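Single chain ahead, by itself, as structure tokens, in the form deposited in one PDB entry.
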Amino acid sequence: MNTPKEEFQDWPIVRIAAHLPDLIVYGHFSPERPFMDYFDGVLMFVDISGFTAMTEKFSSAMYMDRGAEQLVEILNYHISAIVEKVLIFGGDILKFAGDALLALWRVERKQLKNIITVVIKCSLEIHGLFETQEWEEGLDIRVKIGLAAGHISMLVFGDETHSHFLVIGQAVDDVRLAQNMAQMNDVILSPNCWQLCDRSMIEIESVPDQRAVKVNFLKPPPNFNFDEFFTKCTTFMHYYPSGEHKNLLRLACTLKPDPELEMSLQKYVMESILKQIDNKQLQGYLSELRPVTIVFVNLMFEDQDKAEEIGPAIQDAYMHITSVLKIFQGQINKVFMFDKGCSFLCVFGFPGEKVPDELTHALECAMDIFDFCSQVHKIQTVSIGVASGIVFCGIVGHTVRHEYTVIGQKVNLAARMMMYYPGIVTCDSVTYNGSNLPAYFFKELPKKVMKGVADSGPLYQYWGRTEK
């Protein structure tokens, strides 16, 4: 009696699970929005910001008309190898957002110490991927790694058809700060990660004027076997692929059709991604160098680590942001913490979502969002950065773990505008000149040197219709 091999694993539910972490896939949580969870873990923040420079050169006539295709191919080539490293070492990739990825090892407090060792070793094997890596003309493209450990809160917000999630708290703030201290090839530990770590495993040096530390070496004791050590650590990793599924990168590759789970998971994913997953759109349609308008929205709180305080406020802002964006096919691409505030990366003019008068609409939407969010209880400061131009749109990461992302100088510009000009609506020259709006709607701003952007162009505050 025959026994045919290889289980079918290309279900729509599996394709949707690629765009999500295990934190979501295996989350099983209540309907209420906002939803909040509290746990401990180790965070890894890998920065690959050599490619926001690569985006510009891929726009040139060199690449003929295959710049977006060549860019996503070389990106994913490198990011796939980082993803595979994180996954094999037992991490959950939470999020991709142009310039970086965030990974989680969610673990009970007693196991934090040993898991930090696992995460450090993973970090050093990531750097070793790029030791003699390059693309000939210009540079060599390497990574920067910040690590943190401690209390982590999760926020889930949304409505009946859309869901978004965020990690929040001191370890989230710390991993971002650790990453900003890092140079090319560094592994930085947050002060608390250093306080919790196995100090007899790791050789560090002092970071100037900083409580955070730099890993120089992993020097394991005489009788230490990393493979045996890792095997002991997998005891505490709920979803580590094992036994008959030991060949898999993600347990999520084994998800079976489940209408109720799929209904809940599809809400995290953009309708155009779902269409491609459903084989109703060509799988290359979403990789594009495309003119868009970025509306970057930042919401500041008195304490950005207390999810019970800020979760209701983000939900309230989300509900209004979503109603305003739908009007013009605006999309929330990502939500995440900056080093100060919760930020919504909103996009006008994504593939098949182009409206006429994109710029006038992006500006009126920004002001609407600004005015509402300014009246939301616990929102201390709203800042909105508006920038317009050619950006890269595409699915970034590994086959088993990928996300739709925007990358480009105009993405970085909108982000830097909202941090360097807090409390106002700002826009670039493209938005200002190409707005179908009169000059007195705007105030021409002083020029600030912005860490990441070279000649921004003239910047403007969107003042709005009246003097008041």
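In case it trips you up, residue 1 is the first one in the sequence shown, and so on. For clarity, a rigid core is taken as the largest C-alpha set superposing within 1.5 Å between two forms.
The same protein has a further form, the form deposited in another entry, not shown here; the description that follows concerns it.
Q: Of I204, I74, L249, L139, which one has a Cα that moves 2 Å or more between this form and the one not shown once the core is lined up?
A: Result of the comparison: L139.
Q: Core-aligned, is the CA shift for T399 between this form and the one not shown 2 angstroms or more?
A: No, the C-alpha moves less than 2 Å.
Q: Any CA movement of 2 Å or more for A53 between this form and the one not shown, core superposed?
A: Yes: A53 shifts by at least 2 Å between this form and the one not shown.
Q: Do the C-alpha atoms of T52 and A81 sit closer or farther apart in the other form than they do here, given a shift of 3 Å or more?
A: It is closer: in the other form, the C-alpha atoms of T52 and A81 lie at least 3 Å nearer than they do here.
Q: Classify the change in Cα distance between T52 and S456 in the other form as closer or farther, relative to the shown form (magnitude of 3 Å or more).
A: Pair moves farther apart in the other form.
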